[PDB]
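Chains as they are written, first to last, in the UniProt record's numbering: chain A, 6 to 132; chain B, 2 to 99; chain C, 1 to 25; chain D, 20 to 233; chain E, 2 to 82.
The beta carbon of each residue, even a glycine, is placed where N, CA and C say it ideally should be.
Here is the structure we will look at.
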Amino acid sequence: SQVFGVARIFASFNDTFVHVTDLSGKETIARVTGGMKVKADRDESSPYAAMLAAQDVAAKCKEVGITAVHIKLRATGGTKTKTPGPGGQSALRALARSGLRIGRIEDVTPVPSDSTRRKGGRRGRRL
Amino acid sequence: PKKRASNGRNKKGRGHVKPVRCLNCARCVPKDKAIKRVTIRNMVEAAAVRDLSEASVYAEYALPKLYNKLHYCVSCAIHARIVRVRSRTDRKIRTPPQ
Amino acid sequence: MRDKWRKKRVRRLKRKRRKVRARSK
Amino acid sequence: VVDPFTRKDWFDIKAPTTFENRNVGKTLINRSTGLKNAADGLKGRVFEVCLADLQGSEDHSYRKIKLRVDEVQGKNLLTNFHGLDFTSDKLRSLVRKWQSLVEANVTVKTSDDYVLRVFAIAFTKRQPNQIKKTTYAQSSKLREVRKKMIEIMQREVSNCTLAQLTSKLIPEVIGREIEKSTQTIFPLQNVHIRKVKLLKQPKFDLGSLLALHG
Amino acid sequence: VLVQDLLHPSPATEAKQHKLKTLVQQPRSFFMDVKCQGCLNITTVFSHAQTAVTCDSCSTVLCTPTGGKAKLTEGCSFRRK
RNA sequence: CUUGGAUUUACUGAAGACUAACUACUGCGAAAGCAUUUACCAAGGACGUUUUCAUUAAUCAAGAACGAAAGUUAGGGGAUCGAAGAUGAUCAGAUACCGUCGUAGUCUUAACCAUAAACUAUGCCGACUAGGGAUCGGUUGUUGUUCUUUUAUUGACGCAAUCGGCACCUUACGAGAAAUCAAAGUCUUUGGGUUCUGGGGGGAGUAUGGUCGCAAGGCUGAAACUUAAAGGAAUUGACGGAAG
Ligand SMILES: NC[C@@H]1O[C@H](O[C@H]2[C@@H](O)[C@H](O[C@@H]3[C@@H](O)[C@H](N)C[C@H](N)[C@H]3O[C@H]3O[C@H](CO)[C@@H](O)[C@H](O)[C@H]3N)O[C@@H]2CO)[C@H](N)[C@@H](O)[C@@H]1O
Ligand SMILES: [Mg+2]
Ligand SMILES: [Mg+2]
Ligand SMILES: [Mg+2]
Ligand SMILES: [Mg+2]
Ligand SMILES: [Mg+2]
Ligand SMILES: [Mg+2]
Ligand SMILES: [Mg+2]
Ligand SMILES: [Mg+2]
Ligand SMILES: [Mg+2]
Ligand SMILES: [Mg+2]
Ligand SMILES: [Mg+2]
Ligand SMILES: [Mg+2]
Ligand SMILES: [Mg+2]
Ligand SMILES: [Mg+2]
Ligand SMILES: [Mg+2]
Ligand SMILES: [Mg+2]
Ligand SMILES: [Mg+2]
Ligand SMILES: [Mg+2]
Ligand SMILES: [Mg+2]
Ligand SMILES: [Mg+2]
Ligand SMILES: [Mg+2]
Ligand SMILES: [Mg+2]
Ligand SMILES: [Mg+2]
Ligand SMILES: [Mg+2]
Ligand SMILES: [Zn+2]
Ligand SMILES: [Zn+2]
Numbered sequence: 006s007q008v009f010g011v012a013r014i015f016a017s018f019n020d021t022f023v024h025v026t027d028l029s030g031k032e033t034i035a036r037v038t039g040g041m042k043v044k045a046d047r048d049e050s051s052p053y054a055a056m057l058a059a060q061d062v063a064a065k066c067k068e069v070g071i072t073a074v075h076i077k078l079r080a081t082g083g084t085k086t087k088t089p090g091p092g093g094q095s096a097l098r099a100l101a102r103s104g105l106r107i108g109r110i111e112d113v114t115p116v117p118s119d120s121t122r123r124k125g126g127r128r129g130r131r132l
Numbered sequence: 002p003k004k005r006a007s008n009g010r011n012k013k014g015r016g017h018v019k020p021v022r023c024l025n026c027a028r029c030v031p032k033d034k035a036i037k038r039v040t041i042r043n044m045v046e047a048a049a050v051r052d053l054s055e056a057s058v059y060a061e062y063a064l065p066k067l068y069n070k071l072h073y074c075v076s077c078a079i080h081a082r083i084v085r086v087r088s089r090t091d092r093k094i095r096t097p098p099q
Numbered sequence: 001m002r003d004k005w006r007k008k009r010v011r012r013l014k015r016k017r018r019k020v021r022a023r024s025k
Numbered sequence: 020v021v022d023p024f025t026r027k028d029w030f031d032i033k034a035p036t037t038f039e040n041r042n043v044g045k046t047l048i049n050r051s052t053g054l055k056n057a058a059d060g061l062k063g064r065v066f067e068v069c070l071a072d073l074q075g076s077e078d079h080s081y082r083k084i085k086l087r088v089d090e091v092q093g094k095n096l097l098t099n100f101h102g103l104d105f106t107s108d109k110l111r112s113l114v115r116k117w118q119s120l121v122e123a124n125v126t127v128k129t130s131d132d133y134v135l136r137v138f139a140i141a142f143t144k145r146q147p148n149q150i151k152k153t154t155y156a157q158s159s160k161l162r163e164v165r166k167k168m169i170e171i172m173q174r175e176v177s178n179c180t181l182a183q184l185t186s187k188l189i190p191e192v193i194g195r196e197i198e199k200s201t202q203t204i205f206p207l208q209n210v211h212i213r214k215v216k217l218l219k220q221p222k223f224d225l226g227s228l229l230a231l232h233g
Numbered sequence: 002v003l004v005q006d007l008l009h010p011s012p013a014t015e016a017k018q019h020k021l022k023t024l025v026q027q028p029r030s031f032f033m034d035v036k037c038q039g040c041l042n043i044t045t046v047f048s049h050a051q052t053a054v055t056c057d058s059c060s061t062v063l064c065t066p067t068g069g070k071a072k073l074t075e076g077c078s079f080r081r082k
């Protein structure tokens, strides 16, 4: 039917990555971050910047031949937060409303089997 | 004086319990003491579950859930309104809010 | 002052006296 | 300055005959030149595709297969089985509280000398008339269950080749027979082969692979 | 209940009590006559036996010890003396 | 830090840690503590016992074994975090809180140290005094239940008893200054056995002597002088850059 890439979306709390590869992931087709759409550091991870990022990502994809994508959402993971950033849901919604068709959706947040020590110290970050 | 009969934790018949880091501030908190919430949230907000389903290449594809278990220390949880200050008599109630 | 730090202060001062007493050893 | 997408050539990926819909999709690479062939730099790639797509049924939606390309025949990529894994959300949906989780793994080689590690998972099953909140199995029984898992993975892999074993995984023969073998030990649910890893491959035999492609 | 016949407990509730908590402690165990299926030979066996008792005629185990009462093997019938 | 391609993506490799989810008012251990699998080594409580010995015991100055973390000595390792140190911000000032690097340390092998809000702020042994429902381990009688395998001698679940545990709920015969307490009750109606500690607040765990330690320090431990209060629990109010 359609020709699938894989939209590997990394939505942290400081930025939002929209990166579409082939199925293998060794070939990158389009990579637009929320920081290429705004000039303020404070909203690099905003839903607005992620939606704009997906439209440019979506815009670049049609001219290469990608008509549909699979979604691999991840949060920062590791020792840091496992919840996705605010930009991951809007960039995903933008892709569906941009004419790209969506296949499988998966969370690929890296999750440790206990892991190494987390930054911040014993008492946490005191504010 | 003594504020709680459970000492604000869940350690009885035990010497030591391994710590956990608060999700929000990374403070070391004992596992029995940590305020724990298990969240199973829909991955797509209810506004967007329709248009992405129209855009789906699969007929009758069920959207996956987002599974997460969150750990908070006492300062973060009180601040984030996950738990609230209760009256002296209302503190004892330990059933989940309905 | 805090009891732990008041205690730390005397420890540094007890240590100094012992070193001071060592002169006449 | 160059639009590097002008130099890309598309190839079609074909899955092994163990699956139904062998037409997985399309990939690309820098076009083959005189200095560097596209073929040698194109082989060894691994694609992770949901098993439900490879079989049509949506019942296999929670398993994902790695297909590894090691031969190109014009614009077609002839792939082989590279591994098994569960989706993160499906695995997270089985690990509930008030039940016991039991896991086992074993390293075993197939008939054609494919060394694999297979990870098995199971949970205690709550009986229909049970009243108490939790369903915990005593630690001695879990040791017997873990041991029983291992001898089935060892037995059902070393007696067969990787291609037949791949055909064994789709209907979960090993997970259901392990469930059958532990009935007298403890009632179990969601007995799954949740992950398969290729560690070592035999010396490559193109003839054996072409037979797996028609 | 303030007034009660402590000297004459109801025998039903006396039997549910722990074996050391009756008026006079009395064991609840007993001795048995074991008929193996193979032959006919009276063999006296303790109910809570700690030994894999074997009958003299054939060196066949009559019972296997457990945490509590011994479990008689199949074909062996017991009658309490 | 980044057109010397950073961040990102897929595959592969190497190092050390750490054992997520399952994980609980659940288990074990003298305490400190203990959570991947399997093997081996020697332990252990409880239960069951118409086994055995017969007072062998309880608690214990002195004296022994163990004793989180940090710290010390000497090797090895040093991924991640990270005292010290350096820095970018903030501020009136900030040696800090926040951010970026980071050395000891964090790990391990041989030795040291012997301290924690080492807490249940609650000594141990023995007896008695009240109801209820859960739960872990063992033992003993019984099912409209599922399953081995088709059923038993499978296992699970369900229903009853019991002993031991980890706890929880109610009540107050009773205690207490109250908070509260099934022990913190059976204490002016004052005596079951036994070990330790305190005698208004400071000065002060200071000085001195002794002893242990490589050191840091540990154990033991005053006095002069000063003072009308210091303190506990609860009530009303006032206030809060806490919640509703
Ligand atoms: N009933 C509460 C307590 O039970 C204790 O004894 C109970 C236990 O010995 C035993 O309880 C078992 C327990 O071993 C294990 N966790 C399994 C089982 N769920 C528990 O038993 C439970 O069984 C059913 C409910 O399932 C009830 O009818 C029963 O009362 C309840 N105790 O059954 C006894 C029933 O009373 C003591 N009698 C006492 O501390 C107190 O009564
Ligand atoms: Mg604050
Ligand atoms: Mg207070
Ligand atoms: Mg204990
Ligand atoms: Mg402790
Ligand atoms: Mg003190
Ligand atoms: Mg684990
Ligand atoms: Mg347990
Ligand atoms: Mg025990
Ligand atoms: Mg130490
Ligand atoms: Mg150390
Ligand atoms: Mg290091
Ligand atoms: Mg760092
Ligand atoms: Mg500094
Ligand atoms: Mg002390
Ligand atoms: Mg404590
Ligand atoms: Mg105590
Ligand atoms: Mg108490
Ligand atoms: Mg003390
Ligand atoms: Mg029981
Ligand atoms: Mg109460
Ligand atoms: Mg008192
Ligand atoms: Mg005094
Ligand atoms: Mg003085
Ligand atoms: Mg007060
Ligand atoms: Zn916190
Ligand atoms: Zn016989």
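So, A:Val23 versus A:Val62, is the Cβ gap smaller than 8 Å?
yes
Within chain D, partners of A:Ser118 - CB distance below 9 Å:
Ordered by position in chain D, no residue passes the 9 Å Cβ test against A:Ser118, which lies about 12 Å from the chain.
Residue range of the alpha helix (DSSP H) that includes B:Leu53
50 to 55
Below 8 Å on the Cβ atoms is my contact criterion, and I expect B:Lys66 with D:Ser112 to pass it. Report the Cβ-Cβ distance as a whole number of Å.
7 Å
Given A:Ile107, which residues of its chain have a CB within under 6 Å of its CB, disregarding the five upstream and five downstream residues?
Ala101
Just to make sure I have the definition right: I need the residues of chain A whose C-beta is within less than 8 Å of the C-beta of B:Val18. Which are they?
Result: empty, since nearest Cβ-Cβ is about 15 Å, beyond 8 Å.
Can you name the residues of chain A whose CB is closer than 9 Å to the CB of B:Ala49?
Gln94, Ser95, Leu97, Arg98, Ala101, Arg102
Inter-residue Cα distance where the pair is A:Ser29 and D:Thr46
8 Å
Pocket of ligand 2 defined by Cβ to heavy atom distance under 7 Å
A:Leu132, B:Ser76, B:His80
Taking the C-alpha atoms as reference points, what is the distance between B:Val21 and B:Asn69?
15 Å
DSSP three-state assignment for residue 189 of chain A, whether helix, strand or coil
Residue 189 of chain A lies beyond the residue range present for chain A, which begins at 6 and ends at 132; the question has no answer from this structure.
From the beta carbon of D:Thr98, is the nearest beta carbon of chain A less than 8 Å away?
no
Neighbouring residues, chain D, relative to A:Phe15 (Cβ below 7 Å):
In chain order: nothing, as chain D lies at least about 15 Å away.
Please indicate yes or no: does the CB of D:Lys152 lie closer than 7 Å to some heavy atom of ligand 1?
no
Tell me the start and end of each unbroken beta strand (DSSP E) in the segment 73 to 145 of chain D that is at least 3 residues and wholly inside, in chain order.
82 to 92, 95 to 105, 120 to 128, 134 to 143
Buried or exposed, going by whether 16 or more other CB atoms sit within 10 Å of the CB of A:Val74?
buried
Can you find a C-beta in chain B that's less than 8 Å from the C-beta of D:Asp108?
yes
Helix, strand or coil: which one does DSSP assign to D:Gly60?
helix
Along the beta strand (DSSP E) that carries A:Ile14, what are the first and last residues, could you check?
9 to 16
Within the segment 31 to 90 of chain A, ranges of the beta strand (DSSP E) (whole runs, at least 3 residues):
33 to 38, 73 to 79
Could one say the Cβ of A:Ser29 lies closer than 8 Å to chain D's Cβ atoms, at least one of them?
yes
Output needed in chain order: residues of the segment 79 to 91 of chain A with a Cβ under 7 Å from some Cβ in chain B.
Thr86, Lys87, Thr88
Residue burial classification, D:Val210 (beta-carbon count within 10 angstroms, cutoff 16)
buried
Could you tell me which chain D residues have their CB closer than 9 Å to the CB of B:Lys66, listed as they occur along the chain?
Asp108, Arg111, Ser112
By Cβ distance below 8 Å, which residues in the same chain neighbour D:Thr129 in space, the five residues on each side in sequence not counted?
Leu135, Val176, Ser177, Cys179, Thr180, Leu181, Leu184
In whole angstroms, give me the CA-to-CA distance for D:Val125 and D:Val21.
50 Å
Please report the residue range of the alpha helix (DSSP H) in which E:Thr44 lies.
Unbroken run through E:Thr44 is the beta strand (DSSP E), 44 to 47; no alpha helix (DSSP H).
Pick helix, strand or coil for B:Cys29, following the three-state DSSP scheme.
strand
D:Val114 classed as buried or exposed, judged by whether at least 16 other C-beta atoms fall within 10 angstroms
exposed
For a cutoff of 8 Å on Cβ pairs, would you count B:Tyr59 as touching chain A?
yes
Write down the C-beta distance between D:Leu86 and D:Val65 rounded to the nearest angstrom, noting that I regard them as a contact closer than 8 Å.
7 Å
beta-carbon D:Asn56 near ligand 26 non-hydrogen atom, thresh 7 Å:
no
Residues near B:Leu53 in its chain [Cβ-Cβ closer than 7 Å; skip 5 each side]:
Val45
Segment limits, alpha helix (DSSP H) that includes A:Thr21
Element bounds for A:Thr21: not the alpha helix (DSSP H) but the beta strand (DSSP E), 21 to 26.
I want to check one thing, is the minimum distance from the CB of B:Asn8 to the heavy atoms of ligand 16 below 7 Å?
yes
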